[PDB]
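Residue strings, one per chain:
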Amino acid sequence: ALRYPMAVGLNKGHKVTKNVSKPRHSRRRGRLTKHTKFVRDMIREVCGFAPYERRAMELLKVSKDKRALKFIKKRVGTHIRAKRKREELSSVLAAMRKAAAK
Amino acid sequence: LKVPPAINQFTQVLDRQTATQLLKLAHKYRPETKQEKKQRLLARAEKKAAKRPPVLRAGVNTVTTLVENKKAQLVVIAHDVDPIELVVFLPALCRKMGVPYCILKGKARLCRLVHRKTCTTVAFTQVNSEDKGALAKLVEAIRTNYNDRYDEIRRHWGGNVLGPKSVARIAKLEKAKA
Amino acid sequence: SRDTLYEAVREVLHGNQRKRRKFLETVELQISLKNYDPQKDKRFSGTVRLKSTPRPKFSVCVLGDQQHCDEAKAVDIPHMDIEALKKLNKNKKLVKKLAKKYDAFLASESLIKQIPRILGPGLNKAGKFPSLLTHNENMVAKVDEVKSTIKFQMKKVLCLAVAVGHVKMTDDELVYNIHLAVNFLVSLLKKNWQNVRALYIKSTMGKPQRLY
Amino acid sequence: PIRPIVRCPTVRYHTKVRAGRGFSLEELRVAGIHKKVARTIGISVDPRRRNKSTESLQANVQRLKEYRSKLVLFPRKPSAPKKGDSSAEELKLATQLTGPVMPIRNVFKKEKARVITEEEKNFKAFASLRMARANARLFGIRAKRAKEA
Amino acid sequence: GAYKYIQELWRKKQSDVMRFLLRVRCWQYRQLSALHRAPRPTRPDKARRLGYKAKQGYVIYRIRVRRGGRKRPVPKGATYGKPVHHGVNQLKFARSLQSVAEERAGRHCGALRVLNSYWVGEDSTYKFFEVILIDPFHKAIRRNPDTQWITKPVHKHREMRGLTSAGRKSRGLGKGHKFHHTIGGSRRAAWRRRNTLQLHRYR
RNA sequence: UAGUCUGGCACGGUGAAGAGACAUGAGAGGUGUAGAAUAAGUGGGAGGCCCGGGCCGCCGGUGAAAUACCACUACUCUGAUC
RNA sequence: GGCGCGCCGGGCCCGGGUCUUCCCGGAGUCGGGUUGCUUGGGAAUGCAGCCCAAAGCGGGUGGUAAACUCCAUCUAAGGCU
RNA sequence: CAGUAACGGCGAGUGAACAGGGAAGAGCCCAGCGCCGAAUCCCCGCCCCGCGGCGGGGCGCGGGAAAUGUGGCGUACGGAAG
């Protein structure tokens, strides 16, 4: 049959052939490059960790993972940051275990 | 106070015998004085109106950028930088990138190599063919001293020494039970 | 349920400086765990699908009323009649003789049932379960189930270990001997909470190599 | 300067056309004017405008081709001309322009009386609306139950 | 470039290095006066960002400001009002302690112009801020065509009219749906417009 | 509501005497009938080892896996700490 | 006072289109908890004190608190006009 | 827009914004990342024109600032080199 472009439903609104471009150079901000990855991993080695990072790390050596999230969350603030923080701390701890055997 | 090894590592300074040999080598590859520059511009006109030498790379930014680039043969650091955050990391950089480094006493002494007051860091980027051997016998005795002791340096807390009359009270209490 | 994930699904490579071998071998994977209860209703089973030529070794067998007498006596089908397997189950308790001479069977096509009385079913609690894939693509139709999905048994060691590859199948083809294996280690993964601790991607002759 | 053609947002108004702020850089690019020359020869430039559609683009490219044809350009030193300038014929006939340059009027298409097709009369436009409404509403849990199924 | 290292090294404040450095510096800073001069910036890298150059005419003052909130200065803690305005203890000052440090630096050094301020350590009863001040009549600044915006009289006492960065943060202005109470110039301009009755001559 | 009393967090450190840890390198370590044998066991395994023979074996003999043949993690004592 | 021809002084000796090859950023700050004020802003619009305090395929916003998930839209904590 | 969405012993009262039409219309710069021998800036002393907004030129192994980073290139609309 014939189907008219309607203003309500799933595929609503005025049909137009859309041109897709590159995004602007503003959209790429907060992307890790090799040179600035280097600097963070150097000053990790110089400094170390915060007394709340070490406490959440020695929670994850004993494998109280839910309590590690709950602790990192009540310290840092919200869920998504505490999720990303634990996912990083566990990868630091797994790299230590890669150094444990060799 | 219980001083951390990143700060404390600047109190393990290069010995007097080596530091004299180092400043004797450093004294030949000076940057030109601001009055030395003009007599080089006197020597322009003989082709114009009618091939650049090795110096010490001065400052922290323009030594840091040629430690990361594999362009430093030996990096000299002053032990007494006024805010220490400027220089704390260059031990780590030079070790990781495989640059031999030494720590000297006196940024005033290291700034008298250049023609200013103070200069925190001073690097050897290149030297000449006849002065290769002096740089070679320096890097030997410096790289065995600093870069290879680095797992030792990193775990070494300075300070935590009580006053002499608090120590002398402890020693009296110690021989009072013997 | 999922304790581990992969993105650097690599680092098998440093192999030739380890393995300087000539003779019959088969490389196997050691992959140690923690937190399993061997006393409870906690199960851990499955058969993890590698279609890329791993090697078990056993007492062979091959079933079926196929074109078997032509095709399947290349590697010797010793086709005993399904009515001459009545001994295997009735010579179980009154007799004391291990009457197998067999450790690996078939699951045939051209017949759509195996034997629906108590001789086909009969293999349900003997281990060595007739399961395999030979039917009507007819690609290899025999050695597919040696070159098969890799089998493990959960017991009183609360550990997983399983074969990966043959002294064959170069290191760009034996990186692919875990690729459709570690994704089924997060797929059919039950309430055995925080299992994995060691992922030792092993070349048998050399050093314990770890991939965590 | 010359302002570009721009659709009003928000369904109430999007059947109209305004004067926009300035010509997008990807309209200048495909029209072949530099973004730092455009402003000096009297073309408004917006560095914020995105181009979702190619008709919104192509209208504003043909806008600049008409403008660059209409534009008379004087010599930077009036006694000695340069290449990209106009002829002395046009320079003496050049005049101050009154009101908005190449003004933006809002024209609609002309649809001739056609014979209504046997299907066109047959189409149930109300039922189509009502069943498009329910397909939009219930779709989410229709996918959920089909996933659980 | 070292400044990238010093930037990231100053972000790891609860490290071994920084928790020591901030402690021995916060010691040192208590043993001088409340408003005194530094010969160079504590944080060279941070002053770089906030608009300092290392030429003559750039001055750094180091101001300590007493921590805590603001209590209502009424005799014998008794406000003569309705129970709403019985607030004495738990009131808070609408400007920040960083902006207070800016306005003391500015008020003292009346002939200089407050550019920016940055945190250099805090205590239990004190916060310490190093404020950048510029001499507008020095020819180094006065003959440089990109820093002679401060040599106009419009930028007299920027800290006190609240044009500085810590000052601006108190006014509650910016673009969008959250800053609808400072449309126009500022909080007052918005109030004035919306309460000004516009009696047209024709009506 | 000022004030006062009380609890928590921050400035706020260092040390010795007295537990569970775990990071972490170890050594002891296991008894179901039943088999000739105190089965901590999986992916192996008819084979590999030391002076060419042996070696431990094979089969059955107990049971859904079984003793020689790379290495691992765990559990109950023990045990050193930058 | 203002402007243009030109005499005349000084400086500056400087463009674009396309591929290949590098680089990319503001921290006791965002953010969260609580308290007080403020708002048309309602499980909290803005501002502030104290405690906790980040990330980089991030972060902010998407007028109802929260989890999972696509999508849109900007690039905060430096400055002039 | 609008006495509207919203706040309010949801009482008395309080109360914006987007879209749209105009008035006006204008855009930019650092730090950072990096390369250019600090290529950058302030001030004294002598000479000449000549400045009731103290400026241009010559001259000086005259003095200082500054590698704890001055100037040139360059900033999210991408930038730089070949």
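Residues numbered from 1 in each chain as written, not as in the entry; some residues may be left out. Chains lettered and ligands numbered in written order. Part of a larger assembly, values for the part shown. Heavy atoms only, no water. Residues with missing side-chain atoms left out of burial classes, pairs and counts.

Structure determination for this entry is recorded as cryo-EM, at 3.2 Å resolution.

1. Topic: the overall build of chain B
Counting its secondary structure elements, chain B contains 9 helices and 6 strands. Since a compact globule built from 178 residues should have a radius of gyration of about 16 Å, the 21 Å found for chain B marks it as more spread out than a globular shape. Dimensions of chain B, computed from the C-alpha atoms along their principal axes, are close to 95 × 30 × 30 Å. (Helix = DSSP H or I, 4+ residues; strand = E, 2+ residues; numbered from the N terminus. Rg over C-alpha atoms; globule rule 2.2 N^0.38 Å.)

2. Points about the overall build of chain C
Within chain C one finds 2 helices and 4 strands. Its helices and strands in sequence order give chain C the pattern β-β-α-α-β-β, from N to C terminus. If one aligns the C-alpha atoms of chain C with their principal axes, the spans along those axes are about 55 × 45 × 30 Å. Considering only contacts in chain C between residues 6 or more positions apart, those separated by 24 or more positions represent 77%. (Contact = heavy atoms within 4.5 Å.)

3. Focus: the protein's contact with RNA strand G
In the region of RNA strand G, 63 residues are neighbours, and A:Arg75, E:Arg11, E:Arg67, E:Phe93 and E:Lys178 sit closest. Per the 4 Å cut-off to the protein, sugar and phosphate atoms form 64% of the nearby atoms of RNA strand G. Separating a base oxygen of RNA strand G from a side-chain N or O atom of E:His180 is a distance of 3.0 Å. Elements that contribute at least two residues to the surface near RNA strand G include exactly helix 1 (34–47), helix 3 (65–76) and helix 4 (79–101) of chain A together with helix 1 (3–9), helix 3 (44–50) and strand 3 (113–122) of chain E. With 6 residues, the single largest contributor to the surface near RNA strand G is helix 4 of chain A. Per-class residue counts for the surface near RNA strand G are 12 nonpolar, 25 polar and 26 charged. (Near = heavy atom within 4 Å. Polar contact = N/O pair within 3.5 Å; in protein donor to acceptor, adjacent residues only side chain to side chain. Nonpolar A, V, L, I, M, F, W, Y, C, P; charged D, E, K, R; others polar.)

4. Describing the interface of chain E and chain B
A common measure of how large an interface is: the accessible area buried when the components associate. Chain E puts 18 residues into the contact, and the matching count from chain B is 20 residues. Carbon and sulfur atoms make up 72% of the surface buried where chain E meets chain B, a total of about 1500 Å² over both sides. The shortest N-O distance in the salt bridge between B:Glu85 and E:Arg25 comes to 2.8 Å. Joining chain E to chain B, the criterion identifies 3 residue pairs in polar contact. Secondary structure elements with two or more residues in the side of chain E that touches chain B: helix 1 and helix 2 (16–30) of chain E. Among the elements that take part in the side of chain E that touches chain B, helix 2 of chain E stands out by supplying 8 residues, more than any other. (Buried area = accessible area lost by both parts, 1.4 Å probe. Salt bridge = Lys/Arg side-chain N within 4 Å of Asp/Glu carboxyl O.)

5. A short note on the interface of chain A and chain C
Taken residue by residue, the interface counts 6 residues in chain A and 8 residues in chain C. Around 690 Å² of area is buried between chain A and chain C when both sides are counted, 44% of it from carbon and sulfur atoms. On inspection of chain A and its partner chain C, the count reaches 0 salt bridges. Inspection of the region where chain A meets chain C yields 5 residue pairs in polar contact. Residue contributions to the side of chain A that touches chain C peak at 4 residues, all from helix 4 of chain A. For the side of chain A that touches chain C, the class distribution of residues is 2 nonpolar, 1 polar and 3 charged.

6. What to know about the environment of E:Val120
All names here are of chain E. On the secondary structure map, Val120 appears in strand 3. With a relative accessible area of 2%, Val120 lands in the buried category. Taking the C-alpha atoms as reference points, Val120 and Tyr29, 91 residues apart in sequence, are found 9.7 Å from one another. (Buried < 20%, exposed > 50% of the residue type's maximum accessible area, 1.4 Å probe, protein only.)

7. Digging into the sheet that holds strand 3 of chain E
Residue and element names in this part refer to chain E. Taken in spatial order, the 4 strands line up as 1-2-4-3 in an open sheet, and their pairing is antiparallel. Each edge of the open sheet is held by one strand with a lone partner, namely strand 1 (35–38) and strand 3. Going across the sheet, the axis of each strand differs from the next one's by a mean of 30°, ignoring polarity. Relative to strand 2 (residues 58–66), strand 1 runs antiparallel, the two sharing 4 bridges. Residue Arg37 lies in a different strand from strand 2, and its bridge partner there is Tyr61. Across the sheet, helix 4 (residues 97–108) is in contact with strand 1, strand 2, strand 3 and strand 4 (126–134); its angle to strand 4 comes to roughly 50°. (Pairing = 2+ DSSP bridges. Axes fitted to C-alpha atoms, helices over the stretch in contact; angles between N-to-C directions.)

8. Thoughts on the protein's contact with RNA strand H
Close contacts around RNA strand H come from 61 residues, with B:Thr62, B:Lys117, B:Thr120, E:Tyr3 and E:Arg48 the closest. Within 4 Å of the protein, the contacting atoms of RNA strand H are 63% sugar and phosphate, with bases supplying the remainder. Contacts to RNA strand H include B:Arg52, whose side-chain N or O atom sits 2.9 Å from a sugar or linking oxygen. Here a phosphate oxygen of RNA strand H sits 2.5 Å away from a polar atom, N or O, in the side chain of E:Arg48.

9. Some thoughts on the packing of aromatic side chains
A complete count under the given rule lists 8 aromatic pairs over all chains for this structure. Look at B:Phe89 and E:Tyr5: their rings are 4.7 Å apart centre to centre, the planes differ by 15°, and that puts the pair in the stacked class. You can see B:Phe89 sitting in the loop between strand 3 (74–78) and helix 5 (90–96) and its partner E:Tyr5 sitting in helix 1, one on each of two chains. Note on B:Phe89: relative accessible area 2%, which makes it buried. Judged by relative accessible area, which is 1%, E:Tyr5 ranks as buried. Ring geometry for E:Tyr29 against E:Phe128: centres 5.7 Å apart, planes inclined by 45°, an arrangement best described as tilted. Residue E:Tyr29 is found in helix 2, and its partner E:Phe128 is found in strand 4; the two are separated by 99 residues along the sequence. (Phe/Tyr/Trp six-rings, centres within 6.5 Å; stacked < 30°, edge-to-face > 60°.)

10. Observations concerning helix 2 of chain E
Residues and elements named next belong to chain E. Taking 1.5 Å of rise per residue, 15 residues should cover 21 Å, and helix 2 covers 22 Å from first to last C-alpha, within 8% of that figure. Of all the residues in helix 2, the buried ones are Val17, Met18, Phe20, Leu21, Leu22, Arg25, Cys26 and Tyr29. Put simply, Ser15 is the residue that caps the front of helix 2, since its side-chain oxygen is 3.3 Å from the backbone nitrogen of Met18. (Expected span 1.5 Å × (residues − 1).)

11. A few points about a nonpolar patch on the surface
All names here are of chain B. A contiguous nonpolar patch, built from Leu162, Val167 and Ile170 and spanning about 250 Å² of accessible area, is present on the exposed surface. Examined against the element boundaries, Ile170 turns out to sit in helix 9 (residues 164–174). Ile170 sits in the partly exposed class, given a relative accessible area of 39%. (Patch = residues over 30% accessible without salt bridge, like charges linked within 9 Å, V, L, I, M, F, W, Y side chains within 5 Å. Areas by Shrake-Rupley, 256 points an atom, 1.4 Å probe, with all protein chains shown as cover.)

12. A look at the pairing of strand 3 of chain B
All names here are of chain B. Here strand 3 lies mainly inside the structure; 5 of its 5 residues are buried. The two faces of strand 3 match: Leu74, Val76 and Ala78 on one face and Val75 and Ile77 on the other face are all buried. Where strand 3 and strand 5 (residues 121–124) come together, 4 bridges link them in antiparallel fashion. The residue of strand 5 that forms the bridge with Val75 is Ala123. Pairing of strand 3 with strand 4 (residues 101–104), which is carried by 4 bridges, proceeds in the parallel orientation. By the bridge assignment for strand 4, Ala78 is matched with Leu104.

13. Overview of the packing of helix 2 (residues 51–60) of chain A against helix 3 of chain A
Helix packing for two helices is described by the angle between their axes and how far apart those axes are. All names here are of chain A. Remark: helix 2 packs on helix 3, axes separated minimally by 8 Å, with the N-to-C direction vectors making an angle of 170°. On the basis of their axis angle, the class for helix 2 and helix 3 is roughly antiparallel. Here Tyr52, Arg55, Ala56, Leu59 and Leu60 of helix 2 lie close against helix 3, whose contacting residues are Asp65, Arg67, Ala68, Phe71, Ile72, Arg75 and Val76. Of the residues belonging to the contact of helix 2 with helix 3, the class tally is 8 nonpolar, no polar and 4 charged. (Parallel < 35°, antiparallel > 145°, perpendicular 65-115°, else oblique.)

14. Digging into a positive patch on the surface
Positive charge collects at one region of the surface, where A:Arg24, A:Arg27, D:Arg29, D:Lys35, D:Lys36, D:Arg50 and D:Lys52 lie side by side. Following the sequence through the fold, A:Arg24 ends up in the segment before helix 1. (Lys, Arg positive; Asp, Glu negative; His and termini not counted. Charge placed at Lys NZ, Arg CZ, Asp CG, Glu CD.)

15. Details of the packing of helix 2 of chain A against helix 4 of chain A
Residues and elements named next belong to chain A. At a minimum axis separation of 10 Å, helix 2 and helix 4 run at an interaxial angle of 70°. Between helix 2 and helix 4, the angle falls in the class roughly perpendicular. Where helix 2 crosses over helix 4, the handedness of that crossing is right-handed. Of the residues in helix 4, those in contact with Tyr52, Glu53, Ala56, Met57 and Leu60 of helix 2 are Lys85, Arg86, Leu89, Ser90, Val92 and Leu93. (Left-handed = near helix turned anticlockwise from the far one by under 90°.)

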